[PDB]
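So basically every Cβ, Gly included, is an ideal-geometry build from the backbone, and we count neighbours across all protein chains shown. Values in this text are rule-based calculations from the coordinates and carry no lab data.
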Amino acid sequence: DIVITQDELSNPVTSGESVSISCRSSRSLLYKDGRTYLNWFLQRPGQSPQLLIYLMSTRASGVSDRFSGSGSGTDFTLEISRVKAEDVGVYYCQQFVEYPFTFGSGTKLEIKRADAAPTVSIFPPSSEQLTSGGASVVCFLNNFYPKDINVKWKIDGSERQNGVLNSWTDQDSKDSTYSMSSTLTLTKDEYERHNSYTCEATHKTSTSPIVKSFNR
Amino acid sequence: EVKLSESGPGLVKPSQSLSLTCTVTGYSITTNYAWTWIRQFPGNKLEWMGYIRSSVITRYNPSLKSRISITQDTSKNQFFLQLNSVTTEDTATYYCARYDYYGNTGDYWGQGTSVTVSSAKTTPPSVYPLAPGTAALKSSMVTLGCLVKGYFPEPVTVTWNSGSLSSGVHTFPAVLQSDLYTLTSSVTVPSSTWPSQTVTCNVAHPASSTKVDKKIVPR
Ligand SMILES: [Zn+2]
Ligand SMILES: [Zn+2]
Ligand SMILES: [Zn+2]
Ligand SMILES: [Zn+2]
């Protein structure tokens, strides 16, 4: 029955800056023993949640002192001192007073850093895939910032939008950059009908797009 | 040290029963700790499911009605989760953890195990090498990759050179289409390491008990 609220995202924080994450409960979490039962977790992409703080302000074993918790009974805050690239992820609070031990919706920490142009690489279908009657052309756009980016596919000079699937990674824990994969899937017959395949990337870091291509 | 590890089928048909196991090593589950199950839905919402403590005491989330059951096998130091009459809404990543009375779990969390509730069939992936067409900027870096296409359900694990090659690796989230997932992984290394040194992507798909090792060879 207890509902906990948290902001989806935080303003981008620069490495070195400190930030406070908020969490509010619909009911007091202070117990008759004087202790407040609130937990703070950090979860990185593909990683299991990691406990940072329990009992509202007690740091868990091995947890960096840069992490501290405070609050009343309905409003809690997690302060992260001198933020580092490694702290990127989603922060969740969990009330541990009454069942069910509901979790907050999580607040994603977004790191801010210098703009970076993507490294673009284009790959023709492999001979193995062509034997299947399918043909995927792949383009990697790695290590760029900000996350906003546009990719265009051109076959023999003409833009192709159908059959394109993109995938973005979460913010990197080491350099705070983003990466994206774009795949243009065609039938082998169609792939065999054209010669020039081009991947064009348009990013904030430049007026002119980054072009990568190959001839079949 | 104390470790928890979840195991169980990654795909279950709707209306059927879901059974998972958490094997605990380094600590006895006959203790008075809340050996609990928590799940995370696509979208990242977390939900506490229930726990078993002191071998015979349990507590479940009311939202799970009467379809959840948590039990244990003391002799094997394992505790279990059984969820009946599943629907696509039970698709999630299931985690086991050890909570103490104060809410402290320490680092006692499993790695999580993905469970998909779907009528679709299990399909192993086809793994294709991604090698550069020609010769890009020399004396610098070169990006290679592997395309893991047409599998179901999630997930697949991808490593390079059996794990000895981890830096400069980007494995992208899979994209679903026609009940089949496709994912890609890129790896960037010095133009001096490849093709001089062998670079191989290792792909595993637990659901189909399949493993593929694709060496990346020059065009
Ligand atoms: Zn990276
Ligand atoms: Zn055509
Ligand atoms: Zn041990
Ligand atoms: Zn037994």
Per-residue ellipticity at 222 nm attributable to helices in chain A (runs of n ≥ 4 DSSP H, -39500 (n - 2.57) apiece, nearest 500 deg cm²/dmol) works out to -500 deg cm²/dmol
About its Cα centre, how strong a charge dipole does the stretch B:1-119 have in debye, to the nearest 20, once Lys and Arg get +1 and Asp and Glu get -1 at the Cβ? 240
Per-residue HN-Hα couplings for the stretch A:29-40, Karplus 6.51 cos²θ - 1.76 cosθ + 1.60 at θ = phi - 60°, whole Hz, x for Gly and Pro? 9, 6, 9, 4, 9, x, 9, 9, 8, 10, 10, 10
Strictly over 21 Å apart at the Cα level, which of A:108/B:3; A:112/B:45; A:212/B:149; A:108/A:147; A:154/A:212; A:84/A:147 would you flag in this model? A:108/B:3; A:112/B:45; A:212/B:149
Could you list which residues have their amide H under 5 Å from that of residue A:31, counting only those 5 or more apart in sequence or on another chain, with H placed in the peptide plane? A:36, A:37
Once amide H atoms are built 1.01 Å from N in the peptide plane, which residues 5 or more positions from residue B:147, or in another chain, come under 5 Å H to H? B:128, B:130
For the residue A:195, residue B:136 Cβ pair and Förster radius 22 Å, calculated FRET efficiency rounded to 0.05 is 0.65
In terms of the ratio Rg/(2.2 N^0.38 Å) built on C-alpha atoms, what value belongs to the stretch A:114-216? 1.11
Report, for the stretch A:1-113, the % of DSSP beta bridges that are antiparallel, rounded to 5. 90
Using alpha-carbon positions, what is the distance between the centroids of the stretch B:75-95 and the stretch B:103-127, in Å? 11
Most fluctuating residue of B:198, B:23, B:36 in a GNM of chain B with Cα springs under 10 Å: which is it? B:198
³J(HN,Hα), Karplus 6.51/-1.76/1.60, whole Hz, each residue of the stretch B:181-196, x for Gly, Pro: 9, 9, 9, 9, 9, 10, 9, 10, 9, x, 4, 8, 7, 10, x, 3
At the level of C-alpha centres, the distance separating the stretch B:15-68 and the stretch A:1-39, in angstrom, is 24
With no solvent and one point on each alpha carbon, what is the Debye value of log10 I(q)/I(0) for the protein assembly as shown at q = 0.09, 0.14 Å⁻¹? -0.66, -1.32
Taking Cα centroids, how far is the stretch A:150-199 from the stretch A:68-109 in Å? 38
Cβ-placed point charges (K, R +1; D, E -1), dipole of the protein assembly as shown about Cα centre in debye, nearest 20: 480
Extending each Cα 7 Å along its Cβ direction at residue B:192 and residue B:57, get the distance between those two points in nm, one decimal. 6.3
Please report Rg over Rh for chain B, where both radii come from the alpha carbon positions and Rh follows the Kirkwood definition. 1.07
So what J values fall out for the stretch B:62-68 if you push phi through Karplus, 6.51 cos²θ - 1.76 cosθ + 1.60 with θ = phi - 60°, rounded to Hz, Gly and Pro as x? x, 5, 8, 6, 9, 8, 9
Please tell me the relative contact order of the stretch B:1-119 in percent, rounded to the nearest whole number, where contacts are Cα pairs under 8 Å and at least six residues apart. 36
Taking H as built 1.01 Å from N, whose amide H comes closer than 5 Å to the amide H of residue A:196, not counting residues under 5 places away? A:156, A:216
Quotient of C-alpha Rg and 2.2 N^0.38 Å, computed over chain A: 1.38
Could you work out the relative contact order of chain A, using alpha carbon pairs under 8 angstrom and six or more residues apart, expressed as a whole percent? 19
Overall dimensions of the stretch A:166-213 as given by Cα atoms, namely Rg and Dmax in Å: 14.7, 42
How high is the relative contact order of chain B, given as a whole-number percent (alpha carbon pairs under 8 Å, six or more residues apart)? 19
